[PDB]
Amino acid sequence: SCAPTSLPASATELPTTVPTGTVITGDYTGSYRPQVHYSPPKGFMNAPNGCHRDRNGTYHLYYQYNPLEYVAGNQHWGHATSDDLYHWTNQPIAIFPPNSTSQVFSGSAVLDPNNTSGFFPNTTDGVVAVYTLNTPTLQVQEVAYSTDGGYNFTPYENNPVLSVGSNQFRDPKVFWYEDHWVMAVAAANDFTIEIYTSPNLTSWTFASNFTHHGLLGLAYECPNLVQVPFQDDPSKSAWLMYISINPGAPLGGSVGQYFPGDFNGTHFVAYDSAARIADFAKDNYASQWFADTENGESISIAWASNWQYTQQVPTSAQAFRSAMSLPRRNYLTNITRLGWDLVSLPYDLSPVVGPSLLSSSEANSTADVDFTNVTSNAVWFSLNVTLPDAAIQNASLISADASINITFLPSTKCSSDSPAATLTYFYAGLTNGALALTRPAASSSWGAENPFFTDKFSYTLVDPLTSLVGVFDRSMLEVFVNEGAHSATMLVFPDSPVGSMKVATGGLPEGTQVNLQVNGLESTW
């Protein structure tokens, strides 16, 4: 009737040896366990890896996995599959280290249907994984191949395929460019993305360096060089270098940044010298794009945590640490003044959208929506606000009190009065365009005490807020502003589960059209 806050020992106890060829069973009933986001059956998960779609339309998600602990270490490649990026099936571990003093760090996977690698004489469904093997003294790039659709991998006989004699050289992202393979890889502590080329994925030639761009933090990680279509014109696209930095992000710990530019097969040249942060909150890192997608779709998934507190979050009693972000559709757009912007929207949520909890058209009202009866404890909401053309042509017409206040309130059934999360936007006044996203300290004993668990985040719009999409999923809130122009991923660990949300609008100009839609989400587990 209420989601368990602690699980039986059977569900939380980790084995002393790594299971091979068997699906690790998971209890997904925890009060903090997300129901539409991916999380491992048990153990510790970090970066997504080897993300690709096979020819039959199955999306493969691999991930950094510690099967033995609820902290980072003993890295293997976990594996889950999905047709829709929401209904996940857990698979046996896909890539193992050679021994117990080695770890399988991040990497990518590609289809090799034309058998450029020479691994696939009798199949057009060959998968090649390119990943970092970590040793006490070295980080080297290794190749493994799968003839069975990416469930079981055989190491390349002549591994490693690439080394620079460094233990700060990792996160290979490989893709096809016209007539050759490209590898983007991080010389992490030199703030350099090295680009290599190959005809066969085993012989790598240095092409170019991308160094000392944007925020340095303490390290470049998980580079992604991808072609992203324009939001308003699918026929147009630009190249984007996405770099994860950890530690040393402005909000502390880990953050993603991106650089729009040109790629010609050997060199990436940023259009300008500007730094652009992907997410205005703290809990979005190591975004990886899916290889071999259909229809020029840019599909990404990120790790929904921060390295400053990911190994301390209070979910280990619920048999997991860390979830992935919602899968994302990516576009590029120009926003007023700022220009280049990476758009992020949730990938088609239709497969998980349950019955409507509220549809409202009232301006200057408070909508109270109870979802104690939604067993997932997960809701989607959409708020459209269309100001009259008068208020767009003369912003001085907008009242200083013109505001949107969204609050997520604790459950009356399943447990002090503090909201678990707040969203505040002002159209005008002294903080015009300021959007505040908060996880109040007062709502979480754990969050209050953790010295890196920041309570408050903000983004300032130039254009008025016209659209707001949100997904709440037990311990996670994702917000998308003005068709994904601005995006924030925020973990919440309230003492009491959320059971309710209030949506207040106030001081809106005469003739403002407000449309509020709220739907419960169906659990994927």
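Counting begins at 1, following the sequence as shown.
The deposited sequence places 4 to 9 unmodelled residues between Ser415 and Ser416. When 95-103 is weighed against 263-271, 95-103 comes out higher, by mean CA B-factor as recorded in the entry. When the mean C-alpha temperature factors of 119-127 and 243-251 are read from the deposited coordinates, 119-127 comes out higher.
As recorded in the entry, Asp179 carries the highest CA temperature factor of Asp455, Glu221, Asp179, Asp283. Within the listed group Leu225, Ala238, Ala363, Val140, the record reports its top CA B-factor for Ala363. Among all modelled residues in this chain, the alpha-carbon of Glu157 has a temperature factor (C-alpha) in the highest third. Split the chain's modelled residues into thirds by C-alpha temperature factor. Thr466 is in the middle one.
Among the modelled residues of its chain, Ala402 has a C-alpha B-factor that falls in the highest third according to the deposited record. For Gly429, the recorded CA temperature factor ranks within the middle third of the chain's modelled residues. Ranked by C-alpha B-factor against the other modelled residues of its chain, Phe210 falls in the middle third.
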